[PDB]
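S.K.: Sharing run.pdb (PDB, C-alpha atoms) below.
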```pdb
ATOM      1  CA  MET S4392       0.000   0.000   0.000
ATOM      2  CA  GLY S4393       1.561   3.208  -1.246
ATOM      3  CA  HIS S4394      -0.125   6.544  -1.702
ATOM      4  CA  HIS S4395      -3.682   7.770  -1.259
ATOM      5  CA  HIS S4396      -6.285   5.068  -1.886
ATOM      6  CA  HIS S4397      -4.289   2.519   0.097
ATOM      7  CA  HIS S4398      -1.834   3.812   2.693
ATOM      8  CA  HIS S4399      -0.937   7.152   4.278
ATOM      9  CA  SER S4400      -0.472  10.103   1.928
ATOM     10  CA  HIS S4401      -0.787  13.699   3.110
ATOM     11  CA  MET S4402       1.436  15.426   5.663
ATOM     12  CA  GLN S4403       1.753  14.159   9.235
ATOM     13  CA  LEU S4404       3.939  14.077  12.347
ATOM     14  CA  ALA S4405       7.249  12.490  11.355
ATOM     15  CA  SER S4406      10.194  14.890  11.175
ATOM     16  CA  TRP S4407      11.478  18.185   9.777
ATOM     17  CA  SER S4408      14.966  18.006   8.269
ATOM     18  CA  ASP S4409      17.036  17.115   5.210
ATOM     19  CA  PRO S4410      16.847  19.884   2.576
ATOM     20  CA  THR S4411      16.110  19.049  -1.056
ATOM     21  CA  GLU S4412      18.940  20.239  -3.300
ATOM     22  CA  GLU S4413      19.810  19.183  -6.850
ATOM     23  CA  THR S4414      16.211  18.607  -7.933
ATOM     24  CA  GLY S4415      14.118  18.743 -11.091
ATOM     25  CA  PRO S4416      11.103  17.462 -13.056
ATOM     26  CA  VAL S4417      10.890  13.739 -13.791
ATOM     27  CA  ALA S4418       9.400  12.988 -17.205
ATOM     28  CA  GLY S4419       9.915   9.240 -17.428
ATOM     29  CA  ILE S4420      11.713   6.144 -16.173
ATOM     30  CA  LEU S4421      15.212   4.941 -17.054
ATOM     31  CA  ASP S4422      16.350   1.337 -16.670
ATOM     32  CA  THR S4423      20.028   1.332 -15.693
ATOM     33  CA  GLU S4424      20.329  -2.140 -17.210
ATOM     34  CA  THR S4425      19.459  -0.874 -20.686
ATOM     35  CA  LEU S4426      19.568   2.905 -20.300
ATOM     36  CA  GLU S4427      16.179   3.036 -22.022
ATOM     37  CA  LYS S4428      14.090   6.171 -21.507
ATOM     38  CA  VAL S4429      10.539   4.834 -21.279
ATOM     39  CA  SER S4430       7.090   6.117 -20.320
ATOM     40  CA  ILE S4431       5.691   5.832 -16.797
ATOM     41  CA  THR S4432       3.212   3.228 -18.038
ATOM     42  CA  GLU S4433       5.957   1.351 -19.884
ATOM     43  CA  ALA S4434       8.089   1.183 -16.740
ATOM     44  CA  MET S4435       5.081  -0.015 -14.747
ATOM     45  CA  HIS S4436       4.240  -2.492 -17.508
ATOM     46  CA  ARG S4437       7.722  -4.018 -17.376
ATOM     47  CA  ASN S4438       8.843  -4.109 -13.741
ATOM     48  CA  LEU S4439      10.596  -0.801 -13.071
ATOM     49  CA  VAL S4440       7.911   0.924 -11.003
ATOM     50  CA  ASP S4441       4.708   0.140  -9.109
ATOM     51  CA  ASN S4442       1.183   1.225 -10.035
ATOM     52  CA  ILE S4443       1.200   3.687  -7.138
ATOM     53  CA  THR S4444       4.674   5.001  -7.953
ATOM     54  CA  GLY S4445       3.672   5.536 -11.567
ATOM     55  CA  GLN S4446       0.473   7.244 -10.444
ATOM     56  CA  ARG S4447       2.308   9.676  -8.168
ATOM     57  CA  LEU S4448       4.876  10.516 -10.847
ATOM     58  CA  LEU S4449       2.076  11.219 -13.322
ATOM     59  CA  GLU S4450       0.361  13.267 -10.618
ATOM     60  CA  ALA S4451       3.634  15.126 -10.082
ATOM     61  CA  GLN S4452       3.744  16.050 -13.768
ATOM     62  CA  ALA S4453       0.104  17.128 -13.554
ATOM     63  CA  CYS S4454       1.053  19.283 -10.570
ATOM     64  CA  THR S4455       3.581  20.898 -12.904
ATOM     65  CA  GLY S4456       0.833  21.662 -15.401
ATOM     66  CA  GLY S4457       0.179  18.950 -17.957
ATOM     67  CA  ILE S4458       1.245  15.321 -18.200
ATOM     68  CA  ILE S4459       4.769  15.281 -19.580
ATOM     69  CA  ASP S4460       6.126  13.134 -22.402
ATOM     70  CA  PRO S4461       9.888  12.555 -22.014
ATOM     71  CA  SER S4462      11.419  14.068 -25.148
ATOM     72  CA  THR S4463      11.447  17.864 -24.967
ATOM     73  CA  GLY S4464       9.050  18.952 -22.241
ATOM     74  CA  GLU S4465       5.709  18.092 -23.826
ATOM     75  CA  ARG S4466       2.458  19.021 -22.086
ATOM     76  CA  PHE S4467      -0.780  17.049 -22.373
ATOM     77  CA  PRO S4468      -4.034  17.198 -20.369
ATOM     78  CA  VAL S4469      -4.663  14.340 -17.942
ATOM     79  CA  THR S4470      -7.666  13.076 -19.901
ATOM     80  CA  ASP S4471      -5.863  13.605 -23.207
ATOM     81  CA  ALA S4472      -2.776  11.731 -22.014
ATOM     82  CA  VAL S4473      -5.010   8.719 -21.396
ATOM     83  CA  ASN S4474      -6.466   9.024 -24.894
ATOM     84  CA  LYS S4475      -3.053   9.192 -26.566
ATOM     85  CA  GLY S4476      -0.300   9.367 -23.964
ATOM     86  CA  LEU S4477       0.996   7.313 -21.046
ATOM     87  CA  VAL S4478      -1.688   7.669 -18.376
ATOM     88  CA  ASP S4479      -4.083   5.026 -17.066
ATOM     89  CA  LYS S4480      -7.767   5.903 -17.435
ATOM     90  CA  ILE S4481      -8.301   4.881 -13.810
ATOM     91  CA  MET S4482      -6.118   7.819 -12.789
ATOM     92  CA  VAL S4483      -8.099  10.490 -14.632
ATOM     93  CA  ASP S4484     -10.396  11.479 -11.767
ATOM     94  CA  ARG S4485      -7.647  10.840  -9.216
ATOM     95  CA  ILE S4486      -5.176  13.131 -10.980
ATOM     96  CA  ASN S4487      -7.870  15.498 -12.223
ATOM     97  CA  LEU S4488      -7.526  17.669  -9.119
ATOM     98  CA  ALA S4489      -3.856  18.218  -9.931
ATOM     99  CA  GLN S4490      -4.384  19.688 -13.399
ATOM    100  CA  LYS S4491      -7.430  21.602 -12.168
ATOM    101  CA  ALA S4492      -5.302  22.885  -9.289
ATOM    102  CA  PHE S4493      -3.473  25.108 -11.772
ATOM    103  CA  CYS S4494      -6.569  26.140 -13.724
ATOM    104  CA  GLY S4495      -9.645  23.935 -13.957
ATOM    105  CA  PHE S4496     -12.140  25.049 -11.324
ATOM    106  CA  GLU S4497     -11.540  28.629 -12.431
ATOM    107  CA  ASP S4498     -14.848  30.005 -13.706
ATOM    108  CA  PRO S4499     -14.845  30.687 -17.473
ATOM    109  CA  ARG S4500     -16.125  34.225 -16.940
ATOM    110  CA  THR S4501     -14.271  36.121 -14.212
ATOM    111  CA  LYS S4502     -10.938  34.367 -14.725
ATOM    112  CA  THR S4503      -9.673  34.864 -11.174
ATOM    113  CA  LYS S4504      -6.569  32.820 -11.984
ATOM    114  CA  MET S4505      -6.159  31.076  -8.631
ATOM    115  CA  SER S4506      -3.151  29.153  -7.323
ATOM    116  CA  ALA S4507      -3.319  25.773  -5.595
ATOM    117  CA  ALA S4508      -2.271  27.477  -2.362
ATOM    118  CA  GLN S4509      -4.993  30.100  -2.764
ATOM    119  CA  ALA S4510      -7.485  27.314  -3.455
ATOM    120  CA  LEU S4511      -6.490  25.758  -0.131
ATOM    121  CA  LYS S4512      -6.824  29.036   1.763
ATOM    122  CA  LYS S4513     -10.351  29.712   0.513
ATOM    123  CA  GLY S4514     -11.387  26.101   0.033
ATOM    124  CA  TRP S4515     -11.752  26.083  -3.744
ATOM    125  CA  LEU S4516      -9.923  22.807  -4.349
ATOM    126  CA  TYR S4517      -9.065  20.414  -1.523
ATOM    127  CA  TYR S4518      -6.625  20.555   1.382
ATOM    128  CA  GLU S4519      -5.257  17.018   1.157
ATOM    129  CA  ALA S4520      -4.801  17.067  -2.619
ATOM    130  CA  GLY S4521      -3.571  20.634  -2.987
ATOM    131  CA  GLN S4522      -0.873  20.235  -0.347
ATOM    132  CA  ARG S4523       0.418  17.178  -2.201
ATOM    133  CA  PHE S4524       0.390  19.219  -5.410
ATOM    134  CA  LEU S4525       2.320  21.994  -3.668
ATOM    135  CA  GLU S4526       4.785  19.374  -2.433
ATOM    136  CA  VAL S4527       5.966  18.499  -5.940
ATOM    137  CA  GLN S4528       6.162  22.138  -7.028
ATOM    138  CA  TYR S4529       8.145  23.112  -3.932
ATOM    139  CA  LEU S4530      10.643  20.293  -4.456
ATOM    140  CA  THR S4531      11.580  21.714  -7.857
ATOM    141  CA  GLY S4532      11.530  25.379  -6.896
ATOM    142  CA  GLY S4533       8.474  27.296  -5.757
ATOM    143  CA  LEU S4534       4.692  27.248  -6.092
ATOM    144  CA  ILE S4535       3.081  27.304  -9.533
ATOM    145  CA  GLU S4536       0.223  29.659 -10.397
ATOM    146  CA  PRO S4537      -1.548  31.035 -13.496
ATOM    147  CA  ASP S4538      -1.058  34.603 -14.710
ATOM    148  CA  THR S4539       2.622  34.372 -13.777
ATOM    149  CA  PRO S4540       5.294  33.284 -16.291
ATOM    150  CA  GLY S4541       5.837  30.196 -14.163
ATOM    151  CA  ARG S4542       6.474  29.543 -10.482
ATOM    152  CA  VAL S4543       6.820  31.862  -7.486
ATOM    153  CA  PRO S4544       9.282  31.083  -4.664
ATOM    154  CA  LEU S4545       7.657  30.233  -1.331
ATOM    155  CA  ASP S4546       9.423  33.164   0.328
ATOM    156  CA  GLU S4547       8.337  35.409  -2.544
ATOM    157  CA  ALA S4548       4.808  34.033  -2.218
ATOM    158  CA  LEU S4549       4.808  35.133   1.423
ATOM    159  CA  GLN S4550       5.712  38.727   0.570
ATOM    160  CA  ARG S4551       3.381  38.502  -2.426
ATOM    161  CA  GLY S4552       0.543  37.728  -0.037
ATOM    162  CA  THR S4553      -0.658  34.593  -1.807
ATOM    163  CA  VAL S4554       0.329  32.291   1.051
ATOM    164  CA  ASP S4555       0.409  32.625   4.836
ATOM    165  CA  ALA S4556       2.988  31.439   7.369
ATOM    166  CA  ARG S4557       0.907  28.397   8.301
ATOM    167  CA  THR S4558       0.940  27.116   4.721
ATOM    168  CA  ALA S4559       4.552  28.093   4.066
ATOM    169  CA  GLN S4560       5.969  26.102   6.979
ATOM    170  CA  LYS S4561       3.989  23.098   5.745
ATOM    171  CA  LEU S4562       5.757  23.510   2.406
ATOM    172  CA  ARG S4563       9.019  23.878   4.328
ATOM    173  CA  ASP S4564       8.345  20.505   5.953
ATOM    174  CA  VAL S4565       8.407  18.154   2.964
ATOM    175  CA  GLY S4566       9.360  15.336   5.309
ATOM    176  CA  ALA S4567       5.829  15.308   6.697
ATOM    177  CA  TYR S4568       4.582  13.830   3.425
ATOM    178  CA  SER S4569       4.543  10.093   2.721
ATOM    179  CA  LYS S4570       7.289   8.523   0.633
ATOM    180  CA  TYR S4571       6.117   7.561  -2.850
ATOM    181  CA  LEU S4572       9.005   6.074  -4.786
ATOM    182  CA  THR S4573      10.245   2.479  -4.713
ATOM    183  CA  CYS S4574      13.739   1.306  -5.635
ATOM    184  CA  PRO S4575      14.507  -2.151  -7.082
ATOM    185  CA  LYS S4576      16.801  -3.367  -4.303
ATOM    186  CA  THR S4577      18.659  -1.120  -1.859
ATOM    187  CA  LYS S4578      16.095   0.412   0.490
ATOM    188  CA  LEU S4579      12.908   0.857  -1.532
ATOM    189  CA  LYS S4580      11.518   3.444   0.885
ATOM    190  CA  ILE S4581      12.790   6.690  -0.633
ATOM    191  CA  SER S4582      11.571  10.252  -1.162
ATOM    192  CA  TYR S4583      11.537  12.362  -4.324
ATOM    193  CA  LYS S4584      14.839  13.923  -3.262
ATOM    194  CA  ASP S4585      16.491  10.513  -2.922
ATOM    195  CA  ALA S4586      15.244   9.461  -6.357
ATOM    196  CA  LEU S4587      16.300  12.813  -7.811
ATOM    197  CA  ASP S4588      19.833  12.140  -6.582
ATOM    198  CA  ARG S4589      19.748   8.948  -8.651
ATOM    199  CA  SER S4590      17.520  10.389 -11.377
ATOM    200  CA  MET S4591      19.451  10.729 -14.634
ATOM    201  CA  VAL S4592      18.651  13.393 -17.229
ATOM    202  CA  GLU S4593      17.607  12.064 -20.635
ATOM    203  CA  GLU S4594      19.731  14.588 -22.528
ATOM    204  CA  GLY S4595      18.795  18.200 -21.849
ATOM    205  CA  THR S4596      15.165  18.823 -22.767
ATOM    206  CA  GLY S4597      13.917  15.353 -21.886
ATOM    207  CA  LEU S4598      13.973  16.347 -18.222
ATOM    208  CA  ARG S4599      14.864  13.810 -15.537
ATOM    209  CA  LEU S4600      14.574  10.048 -15.888
ATOM    210  CA  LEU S4601      14.079   8.013 -12.714
ATOM    211  CA  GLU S4602      16.845   5.422 -12.427
ATOM    212  CA  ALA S4603      15.711   1.836 -11.853
ATOM    213  CA  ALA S4604      17.120  -1.687 -12.097
ATOM    214  CA  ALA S4605      13.850  -3.628 -12.051
ATOM    215  CA  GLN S4606      14.620  -5.714  -8.964
TER     216      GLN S4606
END
```
Take the structure in the file and write it out as structure tokens.

M.R.:
Amino acid sequence: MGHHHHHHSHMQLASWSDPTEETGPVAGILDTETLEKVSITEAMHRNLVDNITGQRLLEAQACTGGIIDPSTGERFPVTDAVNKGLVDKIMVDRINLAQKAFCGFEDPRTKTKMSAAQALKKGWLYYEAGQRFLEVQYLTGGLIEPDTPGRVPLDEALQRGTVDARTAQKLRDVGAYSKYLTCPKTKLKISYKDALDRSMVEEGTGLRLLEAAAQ
């Protein structure tokens, strides 16, 4: 039991330490045995990753906007990625919050352009889901919101007035969140940061590939 449906997921009382340096977006999975850059589904189909681990990685890409094809930073909708991408249909509703978190529950009229963090503060989206979506964004740099050219640093978000101290410290405590990623044989129980240390970049625009040796 891994992530949400099964085991523990959102933040909790565990610990607050171990910064997260040398990070980046993970687009796909790389088998060290063959150095093959393959889709999340393909890695799950073979024996490189679990269903839950693949789900979270796809969710993580959705948290960074669209679902990402390893190649040159492609962006596809969660539903669209299922239709012609590398996402399981069963994950559409589950991940749907993540893509909406950027811009999906925004009314097609007033265009308030709300962040995930702002959605949490006013209860637009969902506390448990949004915080997990903020987790992935924080690990890479800051928090992602519409209107802006990209992502705003947590500290900059504080002065910007889009987040409060209570939220910011929760972003500062990534360790509160459940581990997601499973290694073949070495420890298995690792965080995004630990995988990112072993995550090898496809080339330059193919973003990070998650290193795996099957088992």

S.K.: Counting only C-alpha atoms, which residues of segment 4530-4577 of chain S sit at most 10 Å from some atom of segment 4398-4422 of chain S, and what is each one's closest atom pair with its distance in Å to one decimal, listed by chain and rising residue number, as CSV?

M.R.:
```
residue,atom,partner,partner_atom,distance
S:4530,CA,S:4411,CA,6.6
S:4531,CA,S:4415,CA,5.1
S:4532,CA,S:4415,CA,8.3
S:4561,CA,S:4402,CA,8.1
S:4562,CA,S:4402,CA,9.7
S:4563,CA,S:4407,CA,8.3
S:4564,CA,S:4407,CA,5.5
S:4565,CA,S:4407,CA,7.5
S:4566,CA,S:4407,CA,5.7
S:4567,CA,S:4402,CA,4.5
S:4568,CA,S:4402,CA,4.2
S:4569,CA,S:4400,CA,5.1
S:4570,CA,S:4400,CA,8.0
S:4571,CA,S:4400,CA,8.5
```

S.K.: Could you take the residues named above and write them with C-alpha atoms, as a compact mmCIF listing (two decimals), keeping the file's coordinate frame?

M.R.:
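File written: again.txt
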```txt
# COMPACT_ATOMS: atom_id res chain seq x y z
CA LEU S 4530 10.64 20.29 -4.46
CA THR S 4531 11.58 21.71 -7.86
CA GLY S 4532 11.53 25.38 -6.90
CA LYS S 4561 3.99 23.10 5.74
CA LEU S 4562 5.76 23.51 2.41
CA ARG S 4563 9.02 23.88 4.33
CA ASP S 4564 8.35 20.50 5.95
CA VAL S 4565 8.41 18.15 2.96
CA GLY S 4566 9.36 15.34 5.31
CA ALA S 4567 5.83 15.31 6.70
CA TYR S 4568 4.58 13.83 3.42
CA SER S 4569 4.54 10.09 2.72
CA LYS S 4570 7.29 8.52 0.63
CA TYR S 4571 6.12 7.56 -2.85
```

S.K.: Would you mind listing what lies within 7 Å of residue 4504 of chain S as a PyMOL selection string, with only C-alpha atoms counted and same-chain residues fewer than 4 positions away left out?

M.R.: chain S and resi 4494+4497+4537-4538

S.K.: Would you list the contacts of residue 4460 of chain S as a ChimeraX atom specification, taking every protein, DNA or RNA residue within 12 Å and counting all atoms listed in the file, but skipping same-chain residues closer than 4 positions in sequence?

M.R.: /S:4416-4420,4428-4432,4448-4449,4452-4453,4464-4469,4472,4475-4478,4593,4596-4600

S.K.: Tell me, as a PyMOL selection string, which residues lie within 8 Å of residue 4516 of chain S, counting only C-alpha atoms; anything in the same chain fewer than 3 positions away does not count.

M.R.: chain S and resi 4488+4492+4496+4507+4510-4511+4520-4521

S.K.: Taking the file as I've supplied it (selection: the PyMOL selection byres ((chain S and resi 4589) around 10)), which residues are included? Please answer as a list in words.

M.R.: residues 4583, 4584, 4585, 4586, 4587, 4588, 4590, 4591, 4592, 4599, 4600, 4601, 4602 and 4603 of chain S

S.K.: Take atom CA of residue 4548 of chain S and atom CA of residue 4456 of chain S and report the distance between them in Å, one decimal.

M.R.: 18.5 Å

S.K.: Enumerate, as a ChimeraX atom specification, the residues matched when the PyMOL selection byres ((chain S and resi 4534) around 7) is run on the file above.

M.R.: /S:4525,4528-4529,4533,4535-4536,4542-4545

S.K.: Suppose you want the space between atom CA of residue 4581 of chain S and atom CA of residue 4519 of chain S; what is it in Å?

M.R.: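 Between these atoms lies a distance of 20.9 Å.
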
S.K.: Is it possible to get the axis-aligned box enclosing segment 4485-4500 of chain S (all listed atoms, 3 Å extra per side) as lines of an AutoDock Vina configuration file, with centre and edge lengths in Å rounded to one decimal?

M.R.:
```
center_x = -9.8
center_y = 22.5
center_z = -13.3
size_x = 18.7
size_y = 29.4
size_z = 14.4
```

S.K.: Between S:4395, S:4523, S:4437, S:4551, single out the one closest to residue 4455 of chain S, counting all atoms listed in the file.

M.R.: S:4523

S.K.: Need to verify the contact set: residue 4438 of chain S, 9 Å, only C-alpha atoms, exclusion of same-chain residues closer than 4 positions in sequence. Can you return it as a ChimeraX atom specification?

M.R.: /S:4433-4434,4575,4604-4606

S.K.: Those residues you just picked out, can you put them in a file as a PDB file, keeping the file's coordinate frame with C-alpha atoms?

M.R.:
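Below is the file selection22.pdb, written as the result:
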```pdb
ATOM      1  CA  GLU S4433       5.957   1.351 -19.884  1.00  0.00           C
ATOM      2  CA  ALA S4434       8.089   1.183 -16.740  1.00  0.00           C
ATOM      3  CA  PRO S4575      14.507  -2.151  -7.082  1.00  0.00           C
ATOM      4  CA  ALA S4604      17.120  -1.687 -12.097  1.00  0.00           C
ATOM      5  CA  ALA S4605      13.850  -3.628 -12.051  1.00  0.00           C
ATOM      6  CA  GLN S4606      14.620  -5.714  -8.964  1.00  0.00           C
TER       7      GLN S4606
END
```

S.K.: Closest to residue 4541 of chain S among S:4441, S:4506, S:4461, S:4560, using all atoms listed in the file?

M.R.: S:4506

S.K.: Using only C-alpha atoms, which of the listed residues (S:4490, S:4550, S:4423, S:4503) sits closest to residue 4450 of chain S?

M.R.: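 Looking at the shortest contact to residue 4450 of chain S, the residue is S:4490.
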
S.K.: Atom CA of residue 4446 of chain S and atom CA of residue 4499 of chain S, how far apart in Å?

M.R.: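 So the answer is 28.9 Å.
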